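Form deposited in one PDB entry, single chain, as structure tokens, below.
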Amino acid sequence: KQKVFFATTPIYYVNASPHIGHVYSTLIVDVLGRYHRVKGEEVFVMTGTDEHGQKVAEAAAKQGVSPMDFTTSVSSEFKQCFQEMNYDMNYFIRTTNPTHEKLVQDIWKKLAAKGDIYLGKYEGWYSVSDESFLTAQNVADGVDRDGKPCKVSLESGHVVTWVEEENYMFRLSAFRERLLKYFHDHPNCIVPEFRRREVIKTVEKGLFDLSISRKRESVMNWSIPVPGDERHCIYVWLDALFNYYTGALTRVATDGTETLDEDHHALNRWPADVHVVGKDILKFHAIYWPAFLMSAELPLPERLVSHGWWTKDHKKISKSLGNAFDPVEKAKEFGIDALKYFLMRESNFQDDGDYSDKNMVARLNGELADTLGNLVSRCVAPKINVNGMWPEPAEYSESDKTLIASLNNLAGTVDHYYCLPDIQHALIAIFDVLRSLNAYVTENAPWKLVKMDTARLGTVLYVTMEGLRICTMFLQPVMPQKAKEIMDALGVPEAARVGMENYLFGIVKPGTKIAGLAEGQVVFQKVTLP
């Protein structure tokens, strides 16, 4: 029996409201989850909120709100945001969950029993905003928001602070050779490749050990206690990273109460097929996480996808900078599925780029309306599809066969890209075929064939409708609502919208009735900017 397809988003710090960055990483995971459901597999995808630590506690304090009231309120903003974006998540975790906290304590004890924890002292730089320890070569003299010179993080630009503190330490230095061997033996363990190489270069340079506790006072008593030593709290990142494992073990009851299995095998999710993260948290997921998993004797992730940043004026859209627009209001201004298409199509995982209304509308107008939407209207037009059904095809021409060949070859290309994963190129391939379907429809001028050559019109519509079906099927993960509207317009049976048996030309039975579209009605309304 196949493993359940398991993918995760980062768990987001609840220091402020969700923005387009969290909607983006959560979308990637939702798309992958949805494609594997469409393919016919068992799927479990999760997201959630990272609620402990100094960064969050200080955010709460700033609002004059208890951290539990604050984390609950702000966590709810993430849950509601994702519901508004019509994601199909299986599980939404909070690190304040009693099941998770106990799990993290059990993991602590496993790492201790292994001999990988000792008591020591951290004396060095810390970035509170990133909850990150920084070595001497990862800080630079800079300036803060008030013009006062200071040290800053070379990771994030944030102000760093000097910490001298008794901390429990994890023996990360001891995993150097084991990490290097994993990276080299699993050449697609981290994507894109240049980030894999960055991780290798870093690990080859040498690792220091890592502080995995803080004194409880330093985190304002808002972290999981170290089991057996309540003077210390567990480092927010050790707690947070193991959310994925808690997720792998979680059963959700009828009344929403959650329980953990004692190990991962029965639920059959672990390890993740894909962890999706921003490059901001690469070291945590590519260096610390596999080392923790090695200590704990758990299987390592198949693949880490670490992507770039959506920017504004070339600066990362960031909760800590306040340069974020409301992502749901944006989705509602321009269309939810149109936004989803734009995020997935405009971006590759290597590059940063500014969110642009102009670029988003250009794709909505030029691809979604002018290609996909146009194609749907053509296939269902009462004056073209006179009988409002899938016609029987007659003999195929060489031109027909060439198009049909592209249809049959699409699934291979799209399935391969969805599994890399490379969602941008999946969409480019789907739209390549959609542009051909439209050029095919124009070349065959079906409005002229009507009541003139019924046989031929039958072949042209059948081929086009099948092509439209196949392309739409593979767009269901990115635009699930519009894809369903299209499938419904065509009268495509529910059983024919999903399953690998439907990955080839010639599925729908001629005679099948289409629902069609109403008079002035379009799938994608075009937008003009001021």
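Residues carry their position along the shown sequence, with the first being 1. Heads up, when I say rigid core I mean the largest set of C-alphas that superpose within 1.5 Å between the two forms.
Using only the Cα atoms and their B-factors as the entry lists them, report which of 194 to 202 and 279 to 287 averages higher.
That would be 194 to 202.
When the Cα temperature factors in the entry are averaged, is it 54 to 62 or 466 to 474 that ends up higher?
The stretch with the larger mean CA B-factor is 54 to 62.
Between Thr95, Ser306, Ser436, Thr257, which carries the biggest CA temperature factor in the record?
Most elevated C-alpha B-factor of the set, per the entry: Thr257.
In this PDB entry, which of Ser295, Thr161, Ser211, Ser173 has the top CA B-factor?
Going by the entry's C-alpha B-factors, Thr161 comes out highest.
Third of the chain's Cα B-factor distribution that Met46 belongs to, per the entry:
Tercile = lowest for this residue's CA B-factor.
For the chain shown, is the CA B-factor of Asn243 in the lowest, middle or highest third of its modelled residues?
Tercile = lowest for this residue's CA B-factor.
When the modelled residues of the chain are sorted by Cα temperature factor, does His416 land in the lowest, middle or highest third?
Within its chain, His416 is a lowest-third residue by C-alpha B-factor, going by the deposited values.
Determine, from the deposited record, the chain-internal third of the Cα B-factor for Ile486: lowest, middle or highest.
Within its chain, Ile486 is a lowest-third residue by C-alpha B-factor, going by the deposited values.
Quick check on the deposited entry: does the C-alpha B-factor of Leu32 sit in the lowest, middle or highest third of its chain?
For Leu32, whose C-alpha B-factor we compare with every modelled residue in the chain, the answer is the lowest third.
Below, we turn to the form deposited in another entry, even though it does not appear here.
Core-superposed comparison between this form and the one not shown: the option from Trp270, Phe284, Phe133, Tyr91 whose CA moves 2 angstroms or more
Comparing both forms, the shifted residue turns out to be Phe133.
2 Å or more on the CA of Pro393 between this form and the one not shown, with the rigid core superposed, yes or no?
Moves: no, less than 2 Å.
Establish whether a shift of 2 Å or more occurs at the C-alpha of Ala59 between this form and the one not shown, with the two forms superposed on the rigid core.
True for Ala59: a C-alpha shift of 2 Å or more.
Threshold 2 Å Cα movement between this form and the one not shown for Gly147, core superposed
It does shift by 2 Å or more.
Relative to what is shown, are the Cα atoms of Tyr341 and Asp313 closer or farther apart in that other deposited form, where the gap shifts by 3 Å or more?
They are closer; the C-alpha distance drops by 3 Å or more in that other deposited form.
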